[PDB]
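Before any questions on binding or motion, here is one chain by itself as structure tokens, the form deposited in one PDB entry.
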């Protein structure tokens, strides 16, 4: 059994404006991304999406579901049931909910039902109120579903057999023991698995430009070295937590011996990103809201988390500031430099 290609769209909503926050989507989408990438899936991981951003992400994902393709869609966040229908709640939903402002699962399923895909796995991990589709619906540090799913996902068995084993894991767990926490709906008529290889990777112009636009939509700005007149050199580094989340970190690489102190800090970011200056320039990545890529970031820097890159409609332009003092000097001099790192990650798509 072969896949024409393997694409995945992972969405996690946690920072709700009018509803309770959720912690699990953060680690769950992060761990699911690495595992799916290990299975040779091109992944798009998005955190905290409004209604229009979800509708654009899901439509574009469905466009990739050509004949023979293996697709996986995963959602983690608020959801609600309204007369037999299930809805995914965007971070911009009002309180109380209105179905119109949410994404109907049954509408998406109907759209997937028209594809001639090899495998279509749709996972819903919600906090509640042939197309070879395998729908998984969960209604419950990782969340319960991902804790059991992450331990089985790399198994070389049929996805239905694999998800059925997870249902049995969850049924033994003292938390969801004897509870209706997982439903699996399936129309899989053949032996497909998330581990199946991709057919002979060939030079077809249409699939190569979508693979290279996916590569382009995940390009980070390269390392930067800014030199100030005083002789101080600052390095700007960039890391990615999600397709729409980039960390920026600064360090002083060189400081002249005659300079007693030098503090580098970034400010004046485009207002679409809504970066609070009290959350930027922290001594640890955890202080910025970054708890996953923290172990892979270089130490003893100043960190700023840029979430909401899907909202950036212009070039990422910001100021790098430097406060410094010389030997014997009673006054602290201030100097600045403007930086333009293009449109990083998902911002390349022109939102």
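Positions refer to the first chain, counted from 1. Here the rigid core means the biggest group of C-alpha atoms that line up within 1.5 Å when the two forms are laid on top of each other.
The form deposited in another entry exists for this protein as well; it is not shown, and the discussion that follows is about that form.
Once both forms are overlaid on the rigid core, the distance between the two CA positions of residue 183 between the shown form and the other one is under 2 angstroms. Comparing the forms between the shown form and the other one, the C-alpha position of residue 193 differs by less than 2 angstroms, with the core used for superposition. Fitting the two forms on the rigid core leaves the C-alpha of residue 50 displaced by under 2 angstroms between the shown form and the other one.
In contrast to the form presented, in that other deposited form the C-alpha positions of residue 193 and residue 151 draw closer by 3 Å or more. Pairwise change in that other deposited form: residue 193 and residue 154 C-alpha atoms lie closer than in the shown form, at least 3 Å.
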